[PDB]
């Protein structure tokens, strides 16, 4: 019947155009007055902008809900109570193609892992299409007739997805995020674990209790973790002298020091990609060549510059406590033998997070924390006593204070554990500004 797209934006434009091409009657509604993508819709599509049209939504045979709109909205609740199907664009993609899907979610590392396994598949000779994130709408991936899809899927997208029937699926990790929408970790975990509906194979993280799914006994499962792996699992092996290798069972695969991506969380990301690749048949020799060359993504605990024998790291995309914990632990362990310590810049919009999990790593590895942003007082209350705490009113002042506090073999880390919008346009803006500050140090 009538398909009603609820919420425009990039994915909403993708859904309207896809449904129109396939010969459906499509209407669209959005609360914003003139929504992004107004100029990108075909004329003749009925549009009800300015108000989320409750009457139009109740006229629908099916509603295609933007991931930016909660199913809990009262207008959407009224439709669900009438029995109207509410799905997202990922559901449209699933119906449109039979090709194998590699499905990836998790609180952190989704884009890093999605990019890497996509590169592993491409380098191995697969006609792969990679997307699902903002700006890579999943329906547009059908255009080039790929033989394989690699989808980065958010908890919001998974909430409205059923019977994904992935060739292989993974929840990489979970930590506190997106509770403004999901309410609590219960709702959040349930949303992500929809990625396993009909999954043909499962990869899971041995070291994260919220990764392993409940699936039928016939469903093959393979795990990764940061310990010596069991037979046919992924993990780490240490030589007698301590040298760390990525490994599968008893076989050593590649030294972690031979990767460009650093820190045990990136070792785990690489191992997850090897397991995803094994599930779709990629040869190990090819996967390791891809892995050796992979540089990691911008603003993901990224090396910027060395100034006076102190290395500076941009982790502006560390927008939650779990990401920042990984950054502190990774740099702290890396410099421990040379007796270096971390000077950490923390703060911004804290989103009501529990900052307690940072205390032990700050106490172990940090010589100073410089607090910025609107939730600096709440964060200070949580980390008081763990190490020396300073305040700065601007990012530039924070970088200068960290420079003053550090000596050769220390590192300076911007890993805010917070959203950026109280002082910046985006985490990208915050990271670019950090790089500019570092480049202006003398």
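Numbering follows the first chain given and starts at 1.
Student: Would 147-155 or 340-348 have the larger average of its C-alpha temperature factors, as given in the entry?
Tutor: The entry gives the higher C-alpha B-factor average to 147-155.
Student: Test of understanding: from the entry's C-alpha B-factors, which stretch has the higher mean, 257-265 or 239-247?
Tutor: Between 239-247 and 257-265, it is 239-247 that shows the higher mean C-alpha B-factor.
Student: Which is it among 413, 64, 41, 69: the one with the largest CA B-factor in the entry?
Tutor: Highest C-alpha B-factor among the listed residues goes to 41.
Student: Highest Cα B-factor in the PDB entry belongs to which of 387, 394, 34, 406?
Tutor: Among 387, 394, 34, 406, the PDB entry lists the largest C-alpha B-factor for 34.
Student: Lowest, middle or highest third: where is residue 370 by Cα B-factor in its chain?
Tutor: Lowest third of the chain for residue 370's C-alpha B-factor.
Student: If you rank the chain by CA B-factor, which third does residue 200 end up in: lowest, middle or highest?
Tutor: It falls in the middle third of the chain.
Student: Could you say whether, by C-alpha temperature factor, residue 435 belongs to the lowest, middle or highest third of its chain?
Tutor: It belongs to the lowest third of the chain when residues are ordered by C-alpha B-factor.
Student: Going by the recorded CA B-factors, say which third of the chain residue 220 sits in, lowest, middle or highest.
Tutor: Ranked within chain, residue 220 CA B lands in the highest tercile.
Student: C-alpha B factor of residue 332, ranked within the chain: lowest, middle or highest third?
Tutor: Lowest third, going by the recorded CA B-factors of the chain.
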